[PDB]
Novice: 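Before I ask anything, let me first share the structure, which is written out below as structure tokens.
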Amino acid sequence: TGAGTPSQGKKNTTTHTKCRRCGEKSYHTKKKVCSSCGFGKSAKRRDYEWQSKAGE
Amino acid sequence: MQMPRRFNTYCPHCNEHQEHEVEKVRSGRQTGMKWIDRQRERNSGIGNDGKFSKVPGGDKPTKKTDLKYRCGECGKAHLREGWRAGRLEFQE
Amino acid sequence: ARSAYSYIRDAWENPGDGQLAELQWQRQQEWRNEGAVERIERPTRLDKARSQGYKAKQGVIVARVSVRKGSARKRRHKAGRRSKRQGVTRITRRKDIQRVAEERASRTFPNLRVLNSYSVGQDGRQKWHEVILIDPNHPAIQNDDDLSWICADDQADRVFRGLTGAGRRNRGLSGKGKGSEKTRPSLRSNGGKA
Amino acid sequence: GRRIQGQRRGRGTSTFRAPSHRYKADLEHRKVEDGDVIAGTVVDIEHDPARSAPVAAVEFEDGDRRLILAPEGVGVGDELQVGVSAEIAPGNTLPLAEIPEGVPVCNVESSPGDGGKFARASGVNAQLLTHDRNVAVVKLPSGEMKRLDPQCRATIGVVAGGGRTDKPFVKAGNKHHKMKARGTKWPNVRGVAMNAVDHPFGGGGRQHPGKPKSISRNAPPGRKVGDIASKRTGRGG
RNA sequence: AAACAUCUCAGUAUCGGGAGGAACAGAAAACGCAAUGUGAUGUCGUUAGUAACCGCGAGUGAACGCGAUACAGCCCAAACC
RNA sequence: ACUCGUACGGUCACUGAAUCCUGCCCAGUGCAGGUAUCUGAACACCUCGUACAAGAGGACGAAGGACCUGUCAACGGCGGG
RNA sequence: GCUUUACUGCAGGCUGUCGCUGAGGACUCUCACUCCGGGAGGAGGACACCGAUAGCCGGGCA
Ligand SMILES: [Cl-]
Ligand SMILES: [Cl-]
Ligand SMILES: [Cl-]
Ligand SMILES: [Cl-]
Ligand SMILES: [K+]
Ligand SMILES: [Mg+2]
Ligand SMILES: [Mg+2]
Ligand SMILES: [Mg+2]
Ligand SMILES: [Mg+2]
Ligand SMILES: [Mg+2]
Ligand SMILES: [Mg+2]
Ligand SMILES: [Mg+2]
Ligand SMILES: [Mg+2]
Ligand SMILES: [Mg+2]
Ligand SMILES: [Mg+2]
Ligand SMILES: [Mg+2]
Ligand SMILES: [Mg+2]
Ligand SMILES: [Mg+2]
Ligand SMILES: [Mg+2]
Ligand SMILES: [Mg+2]
Ligand SMILES: [Mg+2]
Ligand code: NA
Ligand code: NA
Ligand code: NA
Ligand code: NA
Ligand code: NA
Ligand code: NA
Ligand code: NA
Ligand code: NA
Ligand SMILES: [Sr+2]
Ligand SMILES: [Sr+2]
Ligand SMILES: [Sr+2]
Ligand SMILES: [Sr+2]
Ligand SMILES: [Sr+2]
Ligand SMILES: [Sr+2]
Ligand SMILES: [Sr+2]
Ligand SMILES: [Sr+2]
Ligand SMILES: [Sr+2]
Ligand SMILES: [Sr+2]
Ligand SMILES: [Sr+2]
Ligand SMILES: [Sr+2]
Ligand SMILES: [Sr+2]
Ligand SMILES: [Sr+2]
Ligand SMILES: [Sr+2]
Ligand SMILES: [Sr+2]
């Protein structure tokens with residue numbers, strides 16, 4: 001069984017969903033953690049300086 | 001090679017020829033308080049210590065004479081260039 | 001004449017001698033059984049607390065904090081490092097234990113601000129410090145001429161920014177002349193070389 | 001290289017844990033106040049998933065229903081005793097002090113009241129040899145002379161299930177089923193059969209440990225493989 | 001650094017914590033143009049690529065002072081009550 | 001974690017059902033044990049040095065090594081004349 | 001990426017020493033501290049654990 005097309009058919013699991021806090025479809029319904037805003041992980045909002053060029 | 005323990009030659013101090021005694025220069029002990037000694041302790045820590053992680057080099061097949069020439073009358077010594085000698089034994 | 005305080009002071013110059021020695025031997029047994037931060041009714045070293053600003057008043061709190069003794073609890077490099085940045089055992093942190101203690105105390109009492117702290121001993125595996133904290137919201141303090149300054153907005157979370165006596169000393173701000181070229185006015189403004 | 005299998009173990013991930021949620025009970029001796037006024041009746045004999053040996057369910061006078069590490073020869077209806085004055089009969093538990101020298105015991109406590117630590121496997125038994133006011137000498141299954149506090153409790157008799165080891169597994173499938181009842185990763189791939197990156201013995205055209213197998217006690221994890229601090233090897237000499 | 005380990009890149013990127021409208025510093029156990037002299041602290045210009053560091057290699061690199069900006073000095077602990 | 005486990009256990013390795021068997025080698029390397037003597041760091045101690053300190057030397061000496069022994073179903077070896 | 005008796009280091013283990021740490025070159029004790037016990041109490045004990053440092057080993061890792 002190939003890793004390509006044939007294995008794409010088994011994908012019918014729901015993981016990332018609309019997030020209650022930020023509105024993005026990044027709330028992982030299995031981990032109960034938003035990969036976009038950190039909801040479920042931290043009270044503070046997920047943020048990182050590498051999300052932009054260093055001197056900006 | 002052989003060499004006379006004492007012989008007449010020029011004494012740069014008396015400024016005239018006089019009897020001298022030849023002696024192989026004996027190494028003097030270190031005090032461990034020279035600047036280099038303190039730099040080894042200041043700069044050596046965790047990991048490699050640069051120049052202080054290097055170890056003693058090799059040896060030349062033959063070394064040069066390392067002698068002192070002491071004036072028999074004023075007691076002062078002077079140094080001279082040395083020459084490669086596999087062995088140096090004094091006579092008397 | 002000598003104050004009664006001078007006697008507590010003089011006792012603590014040699015915590016390992018006299019009655020104080022026996023007291024510590026007894027006390028630590030109980031301290032080892034207490035938590036990381038225990039609020040206490042009265043300072044153990046009265047002379048020191050009063051000297052640092054303590055007052056027997058509403059809004060003044062004292063707490064004893066214990067911290068594990070020793071160097072840094074550092075994790076070894078998982079990625080490439082030149083010999084120089086591979087050390088793990090002899091590396092120590094840049095904040096002293098007294099400062100780590102002041103911060104834990106202040107976290108326990110989120111509404112209070114650290115005024116100062118002092119040492120109350122240690123055993124072979126931990127150190128204890130007592131920390132004086134002030135309630136900037138209590139009127140008994142807002143009306144005190146010696147402590148109301150700590151009620152200002154810019155004094156909020158002062159301990160976390162190094163504004164403590166222990167904070168300032170650890171930052172190398174003691175000397176006003178030689179040796180403080182890279183500590184004053186701040187470690188950061190000097191490129192972090194102090 | 002990469003961490004070896006022995007190192008993956010310590011992390012205690014599912015692959016290496018024992019099926020605890022399936023285990024029955026902790027067969028520790030009952031805790032008696034004193035006097036031995038504790039007796040129960042064997043209400044049933046059960047299989048113990050964690051030891052491949054049988055265990056007995058006992059109902060005690062005071063109303064406690066607990067599984068017990070059963071010796072050989074215990075059956076339903078039989079009455080068991082646990083205390084200093086318990087009768088010297090197979091299946092009863094009492095401190096070594098009260099036990100007559102020369103009597104096989106099992107589930108021997110290491111420290112009085114711990115519940116039992118030694119001689120708990122199928123068909124094994126410790127052998128109480130010497131008594132005293134300060135030290136009871138027991139000979140454990142490995143044949144070692146152990147000095148114990150005479151206050152250490154034990155059960156008279158040998159453990160049930162003896163001889164379980166006499167019959168060969170015959171099939172890999174049988175080994176399999178038993179392994180699924182333990183905290184062990186099975187089957188076993190030889191170190192020599194792996195790539196150099198995976199084990200000290202991996203690599204090389206043909207298979208062979210490119211090094212002596214007797215490793216020092218001081219060796220770090222990841223390197224301590226093969227024959228650990230062997231005092232000797234082979235069958236000769 | 002024409003490799004590279006001290007050094008460099010650099011206390012930079014990035015990470016944890018925290019305050020403000022600005023922060024931090026700050027009224028000498030200072031300075032040491034050594035003096036019959038200066039007089040809290042930032043910052044700007046300069047001192048200066050100087051002193052100092054350094055496989056004394058490549059490189060790293062201040063301060064006092066001076067000219068400016070703005071200026072401001074106070075409160076406890078204890079003694080005695 | 002192993003482990004509601006305790007030597008009929010479980011960890012670490014090698015060989016790879018049964019059957020008939022599995023010789024010689026402990027010098028080197030590995031492991032392990034022992035060790036009169038030798039060697040063997042720091043702190044403390046002693047001598048010199050310094051009104052102190054740096055430092056030089058000494059006495060003591062742990063593991064380790066030297067040295068002895070055990071061990072090949074331990075790495076491996078079993079040639080030329 | 002991999003190897004090793006390549007160079008240089010780093011974890012880790014063993015070992016000594018100092019602190020924890022007490023009383024009367026071998027010793028006793030209990031009071032810190034450790035372990036067992038539901039508890040009383042028992043076992044151990046200034047050792048061990050832990051912090052610091054020193055020597056040895058150290059492709060396990062860079
Ligand atoms: Cl010569
Ligand atoms: Cl605070
Ligand atoms: Cl098995
Ligand atoms: Cl001046
Ligand atoms: K580099
Ligand atoms: Mg007043
Ligand atoms: Mg049990
Ligand atoms: Mg399984
Ligand atoms: Mg296999
Ligand atoms: Mg392969
Ligand atoms: Mg490998
Ligand atoms: Mg093979
Ligand atoms: Mg380069
Ligand atoms: Mg600033
Ligand atoms: Mg060069
Ligand atoms: Mg720099
Ligand atoms: Mg200056
Ligand atoms: Mg095979
Ligand atoms: Mg095969
Ligand atoms: Mg416990
Ligand atoms: Mg490598
Ligand atoms: Na230095
Ligand atoms: Na706080
Ligand atoms: Na280059
Ligand atoms: Na290169
Ligand atoms: Na350098
Ligand atoms: Na001038
Ligand atoms: Na051999
Ligand atoms: Na590659
Ligand atoms: Sr397949
Ligand atoms: Sr297909
Ligand atoms: Sr699916
Ligand atoms: Sr969470
Ligand atoms: Sr962020
Ligand atoms: Sr240094
Ligand atoms: Sr070093
Ligand atoms: Sr040569
Ligand atoms: Sr806050
Ligand atoms: Sr148990
Ligand atoms: Sr228990
Ligand atoms: Sr191999
Ligand atoms: Sr043999
Ligand atoms: Sr002014
Ligand atoms: Sr066979
Ligand atoms: Sr050998």
Side-chain angles (χ1 to χ4, degrees), chain A residues 49-50 54, chain B residues 29 31-33 43 47-54, chain C residues 1 3 5-6 25 29 50-53 69-71 76-77 80-84 86-89 123-125 145-146 153-154 156-157 160-161 173 176-178 181 184-186 189 191-193, chain D residues 1 6 9-13 16-18 20 23-27 31 50-51 111-114 117-124 140-142 149 151 161-165 183-184 190-192 196-197 203 209 211-237:
Chain A
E49 289 300 77
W50 45 256
Chain B
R29 277 179 167 176
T31 65
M33 297 179 268
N43 298 7
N48 184 74
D49 304 311
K51 63 178 293 173
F52 301 114
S53 279
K54 300 191 189 178
Chain C
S3 68
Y5 305 113
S6 64
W25 182 83
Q29 295 183 49
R50 292 188 62 75
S51 185
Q52 303 194 328
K69 276 175 61 183
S71 71
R76 189 181 183 294
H77 71 286
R81 259 66 172 179
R82 48 201 191 78
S83 77
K84 225 291 171 180
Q86 281 196 51
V88 175
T89 292
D123 64 357
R125 85 173 193 181
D145 293 299
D146 310 305
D153 290 3
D154 65 11
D157 286 293
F160 298 105
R161 298 181 286 127
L173 291 164
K176 296 193 61 173
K178 190 202 310 175
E181 302 80 2
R184 184 165 307 106
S186 75
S189 81
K193 305 187 198 172
Chain D
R9 282 182 76 235
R11 296 180 68 260
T13 51
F16 302 97
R17 271 181 258 142
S20 299
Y23 283 172
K24 281 178 179 170
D26 157 302
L27 317 173
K31 296 155 188 179
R51 305 179 309 118
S111 180
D114 66 34
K117 309 283 189 181
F118 312 115
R120 324 221 320 164
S122 291
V124 307
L140 302 174
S142 65
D149 180 312
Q151 228 43 54
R164 175 193 52 176
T165 260
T184 318
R190 277 138 51 247
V192 177
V197 64
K211 214 170 185 174
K213 302 189 304 178
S214 293
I215 186 75
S216 162
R217 247 279 144 46
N218 305 315
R223 181 184 176 194
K224 188 182 285 179
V225 303
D227 310 322
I228 304 174
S230 66
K231 304 172 197 66
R232 63 158 291 151
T233 62
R235 312 192 85 196

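Convention: sequence-line order gives letters A, B, ...; per-chain numbering from 1.
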Novice: Categorize B/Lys51 for me: base, sugar-phosphate, or nothing, with a 4.0 angstrom heavy-atom threshold over every strand shown.
Specialist: sugar-phosphate
Novice: What is the sugar pucker of G/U3, north (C3'-endo side) or south (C2'-endo side), as given by the torsion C1'-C2'-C3'-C4'?
Specialist: north
Novice: When you compare F/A32 with G/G58, how far apart are their P atoms, in angstrom units rounded to a whole number?
Specialist: 12 Å
Novice: Who passes salt bridge (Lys or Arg N to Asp or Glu O under 4.0 Å) against D/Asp149, sequence neighbours left out?
Specialist: none
Novice: For nucleotides F/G81 and F/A63, find the distance between their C1' atoms and express it as a whole number of Å.
Specialist: 48 Å
Novice: Check nucleotides 57-60 of chain G for protein N or O atoms closer than 3.5 Å to its own N or O atoms and list the pairs.
Specialist:
{"from": "G/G58", "atom 1": "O3'", "to": "D/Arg223", "atom 2": "NH1", "distance (Å)": "3.2"}

Novice: As a test of reading torsions: judging only by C1'-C2'-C3'-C4', is the sugar of E/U36 on the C3'-endo (north) or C2'-endo (south) side?
Specialist: south
Novice: Please classify the glycosidic conformation of G/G59 as syn (within 90° of 0) or anti (everything else).
Specialist: syn
Novice: How would you label the glycosidic angle of E/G16: syn (within 90° of 0) or anti?
Specialist: anti
Novice: What integer number of Å spans the P atoms of E/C7 and G/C10?
Specialist: 13 Å
Novice: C1' atom, F/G28 versus F/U35: distance in rounded Å?
Specialist: 22 Å
Novice: Quick one, D/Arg217 and D/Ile228 - any side-chain contact, counting heavy atoms below 4.5 Å?
Specialist: yes
Novice: Between D/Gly123 and D/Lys24, which residue's closest nucleotide on RNA chain F lies nearer the 5′ terminus?
Specialist: D/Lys24
Novice: Given E/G42, F/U6, F/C4, which nucleotide is nearest the side-chain atoms of C/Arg184?
Specialist: E/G42
Novice: Can you tell me how far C1' in E/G26 sits from the matching atom in E/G42, rounded to whole Å?
Specialist: 9 Å
Novice: Determine the interatomic distance between P on E/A79 and the same-named atom on E/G20; round to the nearest Å.
Specialist: 39 Å
Novice: If stacking means ring centres below 5.5 Å and interplanar angle below 30 degrees, are the neighbouring bases F/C25 and F/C26 stacked?
Specialist: no
Novice: In whole angstrom, give me the gap between the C1' atoms of F/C31 and F/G76.
Specialist: 15 Å
Novice: Which whole number of Å gives the distance between the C1' atom of F/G9 and that of F/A36?
Specialist: 44 Å
Novice: Identify, via the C1'-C2'-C3'-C4' dihedral, which side the sugar of E/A78 sits on: north or south.
Specialist: north
Novice: Which protein N or O atoms sit under 3.5 Å from an N or O of nucleotides 62-66 of chain E?
Specialist:
{"from": "E/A62", "atom 1": "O2'", "to": "C/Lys182", "atom 2": "NZ", "distance (Å)": "3.4"}

